[PDB]
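Listed next as structure tokens is one chain, alone, in the form deposited in one PDB entry.
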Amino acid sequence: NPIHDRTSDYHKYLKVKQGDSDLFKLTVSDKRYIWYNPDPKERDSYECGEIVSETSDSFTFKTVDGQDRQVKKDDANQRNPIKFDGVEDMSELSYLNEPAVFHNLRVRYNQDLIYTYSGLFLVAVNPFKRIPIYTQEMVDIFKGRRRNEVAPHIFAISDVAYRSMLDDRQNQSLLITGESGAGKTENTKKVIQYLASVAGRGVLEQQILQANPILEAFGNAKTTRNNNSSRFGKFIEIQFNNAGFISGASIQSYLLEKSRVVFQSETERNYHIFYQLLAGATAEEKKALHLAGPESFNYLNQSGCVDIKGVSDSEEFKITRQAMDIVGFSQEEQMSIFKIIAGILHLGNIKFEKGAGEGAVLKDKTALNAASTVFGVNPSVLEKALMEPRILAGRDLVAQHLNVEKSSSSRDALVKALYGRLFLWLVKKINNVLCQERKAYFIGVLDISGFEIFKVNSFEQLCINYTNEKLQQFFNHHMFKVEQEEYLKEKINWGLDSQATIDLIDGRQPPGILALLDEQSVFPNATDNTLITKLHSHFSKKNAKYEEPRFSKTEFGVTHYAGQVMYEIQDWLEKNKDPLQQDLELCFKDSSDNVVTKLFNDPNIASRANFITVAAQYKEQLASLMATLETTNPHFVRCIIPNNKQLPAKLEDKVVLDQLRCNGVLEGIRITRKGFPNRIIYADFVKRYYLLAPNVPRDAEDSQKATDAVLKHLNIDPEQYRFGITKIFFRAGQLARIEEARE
């Protein structure tokens, strides 16, 4: 039994290694230390300084350098006793300051132990290296074990959710968020892998597994922060029957990065699929698709990157092709999908020229005809739709000859439409196959980014940040009930903060940012400036969460849960409307392609509501998501990047701390720190501290009484503790002191 077998890879890779003795005595030390900032400037870098003396009011301690310093006892970041180094739950720390938190995490990570609980959260730090803790053999160990029985692990929360589901007959949720490359996708995949195993009977299960490889081909790409970035968020419903077996599944996708199709930063790549196709297509397909090397395509040849290190596009294509096969995509459907991809490539190879007059024209219809071919549309018709769309100028419908820029920008729009619609299609197709109308229970897995604060923040960042404000509030309300419940299950004694930021964004009356945005979107002639001015007119010095910049005329800031975020307004009106000329819609609507036809003919795909804005849709989709979550028992996994360099064994305190500040971990602890953070089961206390008092035996039948004894013996300030129905509750620092007592 691996749990017992100290020689198992379970013990090796998942636990702090244990020696022969448990004896309190081993960890004895007269030394007292604190966490300090060697440089007041950088306050996330800390060093440990041994307290050399103490006043009634302060502490005086020797630095790393050997230089003495002094601090107020009340600002003091006392270091927990060494015994606490490496505990599996930060809730178990006695001194809970930020530096204490970081160190526990660090201690763990230094042993390659990536998972740590912080109360209700499962903290997962990207190791940036392989750890063999996801084998079937590993899965098997977590079956039916309590959180407290096994080591922290993604499999563990997963197992806990499944048992709760079975036991409470309640739907569940796992919220996996964090920064790009923090490891959300990986963790998500492990959750499904595990549920598939633990609850499977397979064919279905297979299809379920296979959807992912498909989605990843189309929704993932190589970026500067990760080589296989998922550029879309998702909510995955794993469905089960009353008996506990997987009966189906559903996927909801969000915020796919369409911009990527037409433009990629230096070093990055376009979506994997493009590459897979160019490399994995039969030389007999190429020709049929007029394919060539990426260097041959504008949408591929601009980042200088066309291949991933230790990645075979050819091989991945096979992988993807197979998956499609398994889920249920006809050989034919598969063509057109490839065709669309192809055609997209072609579209971007159209060179707009404009000398004649001012309007663009096409001297070389090669690329054009190429695309029209694979699309099954009429080049003449498409040619005109791109450069000469009829626009309703009042009562009349007149064709405007577009210049080169506008012309290019239209083609671009056409490609993003095609891409986003195809994606929707894929997802809907997959769901047709996997989804259950008649389902008994479900476990939904939300895998999306946490708060986004980049150099430059745009409309999509406001969106994701809005979602985050809502999930953070959901967590907070969740923690508040659960805490009350606990105090209550024992017999202890005793509306929010995110609302305002939430209101500022999505408020209807007075209108918040998005409503103002929608208002401006109705006027064809509105501009970024009219937009931004309207926003400042409504909120500058008038809404405490908003800030109009001292000099920039194109940005505005929002005080988010994670801090202030500065947004820029460029193209917001265009983003909100997500326009596509109707002539283009016309052109594609008659496609000779059976798939392409759906992308333009099917309203559930070709349009939003078309009537509602992108903002309005975002809002609604989020309300739906939240309502769903609301009906579930949730579980939270915070994924953390250890540094910005994709390096293992490099845990940077500033990078780390900042994530924990933003993701709710540190706040949860601060809040916890205030009450009775340490909650021990009587026997457990006694079992370690019986030697602290006289006459107390390790194994006492009246554990509560015996606890009272030791406490008493040591004359502990009863304000510091609370006797509960099954556990002794301790205020911060109390247990540290106890631990620090003499045998």
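Numbers for residues come from their place in the sequence shown, where the first is 1.
Unshown form solved in complex with a small molecule; subsequent notes refer to it.
Partner contact region in the deposited complex: 229-237, out of 229-237, 293-301, 376-384, 356-364, criterion any non-hydrogen atom within 4.5 Å of the small molecule. This chain appears without its partner; in the deposited complex, the one residue of 196, 614, 141, 666 with a heavy atom within 4.5 Å of the small molecule is 614. In terms of contact with the small molecule in the deposited complex, the residue from 628, 610, 621, 633 that brings a heavy atom within 4.5 Å is 621. Using a 4.5 angstroms limit between non-hydrogen atoms, residue 257 touches the small molecule in the deposited complex. In the deposited complex, the small molecule lies farther than 4.5 Å from every heavy atom of residue 487.
Remark: residue 672 does not count among the residues lining the small molecule in the deposited complex, judged by a heavy atom distance of 4.5 Å or less. In the deposited complex, the small molecule sits within 4.5 Å of a heavy atom belonging to residue 460.
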